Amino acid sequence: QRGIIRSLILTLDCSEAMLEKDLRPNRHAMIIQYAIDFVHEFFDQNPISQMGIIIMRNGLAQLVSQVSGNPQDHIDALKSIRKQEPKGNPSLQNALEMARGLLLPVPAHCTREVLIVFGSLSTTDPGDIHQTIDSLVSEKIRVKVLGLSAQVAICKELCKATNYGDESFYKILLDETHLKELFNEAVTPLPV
């Protein structure tokens, strides 16, 4: 919308839970498909904003697309990722620390947003995630989590702490239809 320059780190769970075939053909393939749609729409409606994409896989965070305002970079990252099998543990901490490395070099007057699609029941982290959360709050990184089905306490806390106590940024999707809607709502800039 040109008025606000956004930085959005799209963070995708590509861990073992994402193999599940309840969402079709499996959760991984479905999220990627909708993330692709999200990228096109995000850049069409935020023409001077930026995105970077991170995945959670094998206990690690991995950068799949660097921060840029070129939709094709992010589409290409998502397409090379959809051909590979989700695996191992998800680590919210590793992902959130990587996101800091992506966001911090960026000039201060851009928004700092992390959008996580989470399909797992727990996080497996190397250290103290609450320290990482402290860091996020102080550097004003706002975190939204789109969760599949099940309540995960740390997600609730994460989104609450980085959104001025507001608990509406941890959201549960049960099907494609609601996932599409949640992504579309992310296309619109954050309130306050």
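So that there is no doubt, residue numbering starts at 1 and follows the sequence shown.
The PDB entry assigns residue 184 a C-alpha temperature factor belonging to the middle third of its chain's modelled residues.
When the modelled residues of the chain are ordered by C-alpha B-factor, residue 113 sits in the lowest third. Compared with the other modelled residues of the chain, the Cα B-factor recorded for residue 89 ranks in the lowest third.
Among the modelled residues of its chain, residue 107 has a C-alpha B-factor that falls in the highest third according to the deposited record. In the PDB entry, a CA B factor belonging to the middle third of its chain's modelled residues is recorded for residue 17.
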